[PDB]
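Heads up, the thing below is written out as structure tokens.
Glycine also receives a Cβ, built like all others from the backbone with ideal geometry; neighbour counts cover every protein chain displayed. Read-outs throughout are calculated quantities, based only on the coordinates presented, and are distinct from any laboratory measurement.
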Amino acid sequence: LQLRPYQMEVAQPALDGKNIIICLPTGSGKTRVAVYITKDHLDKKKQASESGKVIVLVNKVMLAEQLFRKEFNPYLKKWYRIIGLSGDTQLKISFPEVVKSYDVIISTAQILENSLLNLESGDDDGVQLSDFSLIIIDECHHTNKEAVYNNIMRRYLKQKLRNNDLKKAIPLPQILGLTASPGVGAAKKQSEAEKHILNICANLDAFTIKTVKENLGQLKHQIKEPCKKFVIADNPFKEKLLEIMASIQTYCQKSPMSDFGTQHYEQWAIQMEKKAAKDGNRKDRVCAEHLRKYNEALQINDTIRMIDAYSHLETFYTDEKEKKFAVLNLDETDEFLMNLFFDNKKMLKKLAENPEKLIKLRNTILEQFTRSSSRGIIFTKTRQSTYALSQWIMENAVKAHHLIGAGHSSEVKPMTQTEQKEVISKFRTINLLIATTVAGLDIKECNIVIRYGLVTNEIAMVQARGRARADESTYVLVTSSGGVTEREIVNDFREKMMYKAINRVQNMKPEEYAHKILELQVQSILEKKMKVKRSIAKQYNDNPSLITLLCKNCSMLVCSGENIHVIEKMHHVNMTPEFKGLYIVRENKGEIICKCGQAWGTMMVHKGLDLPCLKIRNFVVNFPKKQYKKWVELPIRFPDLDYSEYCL
RNA sequence: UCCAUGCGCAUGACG
RNA sequence: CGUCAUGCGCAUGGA
Ligand SMILES: [Zn+2]
């Protein structure tokens, strides 16, 4: 470990009290400095012989594993106890004990919160902040009054004001805080920005920001920002489909009040889908669903090879066929829509073969294929775009590979942490990555960062500029010109603004600063209390059975309220095979489907039972016709299951 | 190592 | 407040 000069002074006040913030660019290696603040705090406590604890926090697991790999252990391997925690790395020994041991802690946020709640919520193990003498944080810009991290700072604040009302005194920890450029939220002025910054600091109860101004020279030596650059590159098939859409409006008497190829049409479609669900009618929500599909097909067609819309609707309508045949094992509505499609499908694929939207960016990348293209990065919005384009390039054009996140959403096969690590290792050796907004991932040396239809804020901008370092960092920014370049411009604008604001706040009276931060702290606390009041008022009924669940295409009875049961206190289910007389089953490569053709759920095979579980998205309520997308919205409760019932 | 599920959060666009 | 897309964390159950 070592204490680079620009790191020295910025750390300096923290060494004695001084709950602060630090914000520095990429490359400065702000972990090493943090290690010094630790070690010096620890050594101070040993000089005092008192409880020296650190309870480091992050947002992501990967950084925790990283710092347990690289930074904290290899400099504190000798003296002190460390442990690299995470919600997923199974730890046999529970959290309060690794507080009772393990002087140093890497961790991850909501671990802590959960332990605190078990302290306050139930008679469980529990833990409090009083067991500490320091907290350290990373990426403070994710701090707000809403999220985690942190809610718990509002506990720090509440307890602090308890201490102050006592003084106007049990101890409380120092609070460091680190970050990149803190950015700024939802401004057009300096004053709104400054107010944001003050909200940040007083969410941390800190004292200053304390950036670097003196030793900018060695910094700029280590930090060589690449060139801020812009680059841009920018039919009857579309029309062929728009005609059908209008034909279907005629078939349905649906008035868009807007155009095709935007979110507005989609949103109106969803609203009509609710109303037609609030009517239990047909050609009225069913066609909202279809038209959602069509509009998605459009707005990919405006950006994506129309072969991929053919793929999308191949998937869709082929699944429609399979649904209707597993149900057979069709009416005017389905027959009209399906045949309206199939009469054209083949010729539409023929059109799909034919080459603005279709000739795109071949030169935009082959320029660098010819210049160097060793390294490659691509951003975009979506998942499906990535798979699609990687397929398209593997067919037409450089060996490539995709990348996306992890979550269970979008009706896609997601990826896995492991396989992400695989990919980034291969890239530390693949030439070009295709990614969504994922890239706190360790990458560098690159040159050809680009942007295929992006929006994102200043921080994603500068952090993407952190990766492709000072070697021909040709930042492209693609978009069909018909204000996306405006977004890079405003990112520059905010980059100016945060500096202009930091300067205006570093240079401030301590008294006035204290008054402002005190008022923001009290505001945040009072708002949390209002939140808790409204929230406690939220759930009130808790009724066993007041309802009937119905199919939403056919307004048909599907379940009552008391016949339902629960498992895991998560999933709902209906035994009582009177119900079982209804449904149909499907699987390919299981799923419950309808007598009409609606999708209903999954045959959850657990606990030695084929419990038929369902999803309330797909059903509709009758206590007003209401839809929720999740069970928890109503308060009215259902029982937990009794296996003695299933006595044979 | 993989699969299934619930919950909460932020971001950006949109009304 | 509602919609969409993206990303993150936690908690369950199974192989
Ligand atoms: Zn039905």
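Considering only residues in the stretch A:436-453 that are of a type outside the set (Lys, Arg), under 9 Å from A:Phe379 (Cβ atoms) and buried (at least 19 other Cβ atoms within 10 Å of the Cβ), the one that is nearest to the ligand (Cβ to nearest atom) turns out to be A:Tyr452. Checking each residue in the stretch A:130-148 for being more than 16 Å from RNA strand C (Cβ to nearest atom) and crowded, with 19+ Cβ neighbours inside 10 Å picks out A:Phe132, A:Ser133, A:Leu134, A:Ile135, A:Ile136.
Being outside any loop (DSSP other than H, G, I, E, B) and of a type outside the set (A, V, I, L, M, F, W, C) is the filter here, so list the residues in the stretch A:250-262 that pass it.
Residues of the stretch A:250-262 that are outside any loop (DSSP other than H, G, I, E, B), as a first pass: A:250-252.
Matches in the stretch A:250-262: A:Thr250, A:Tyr251.
Within the stretch A:562-589, the set of residues being over 26 Å from A:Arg282 (Cα atoms) and surrounded by 13 or more Cβ atoms within 10 Å (Cβ to Cβ) comprises A:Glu562, A:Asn563, A:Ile564, A:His565, A:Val566, A:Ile567, A:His571, A:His572, A:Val573, A:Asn574, A:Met575, A:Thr576.
Please work out if A:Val585 is aliphatic (A, V, I, L, M), away from the ligand (no atom under 16 Å from the Cβ) and over 30 Å from A:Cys201 (Cβ atoms). It would help to see each step written out before you state the result.
Numbers: aliphatic (A, V, I, L, M): yes; away from the ligand (no atom under 16 Å from the Cβ): no; over 30 Å from A:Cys201 (Cβ atoms): yes.
Against the criterion (aliphatic (A, V, I, L, M), away from the ligand (no atom under 16 Å from the Cβ) and over 30 Å from A:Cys201 (Cβ atoms)), A:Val585 does not qualify.
Note on the stretch A:40-69: residues that are among the charged types (D, E, K, R) and either in contact with a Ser or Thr (Cβ under 8 Å, 6 or more places away or on another chain) or buried (at least 17 other Cβ atoms within 10 Å of the Cβ) (or both) total 5. When every residue of the stretch A:562-570 is checked against the conditions, at least one turns out to be under 14 Å from A:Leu611 (Cβ atoms) and of a type in the set (S, T, N, Q). Screening A:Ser535 on (1) surrounded by 13 or more Cβ atoms within 10 Å (Cβ to Cβ); (2) within 16 Å of RNA strand B (Cβ to nearest atom); (3) not acidic (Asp, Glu) shows it passes everything except condition (1). Within the stretch A:464-477, one or more residues are under 26 Å from A:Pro25 (Cα atoms), within 14 Å of RNA strand C (Cβ to nearest atom) and surrounded by 20 or more Cβ atoms within 10 Å (Cβ to Cβ).
The requirement of being charged (D, E, K, R) and assigned to a strand (DSSP E or B) is fulfilled somewhere in the stretch A:636-648, by at least one residue.
If the condition is being in contact with a helix residue (DSSP H, G or I) (Cβ under 9 Å, 6 or more places away or on another chain), within 14 Å of RNA strand B (Cβ to nearest atom) and not in a loop (DSSP other than H, G, I, E, B), then the stretch A:598-615 contributes A:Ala599, A:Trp600, A:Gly601. When the stretch A:263-289 is filtered for residues that are surrounded by 14 or more Cβ atoms within 10 Å (Cβ to Cβ) and outside any helix (DSSP H, G or I), the ones remaining, listed by number, are A:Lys278, A:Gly280, A:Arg282, A:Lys283, A:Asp284, A:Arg285. Selection of the stretch A:373-404 for residues being closer than 28 Å to A:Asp471 by Cα and surrounded by fewer than 15 Cβ atoms within 10 Å (Cβ to Cβ) yields A:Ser374, A:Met394, A:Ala397, A:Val398, A:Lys399.
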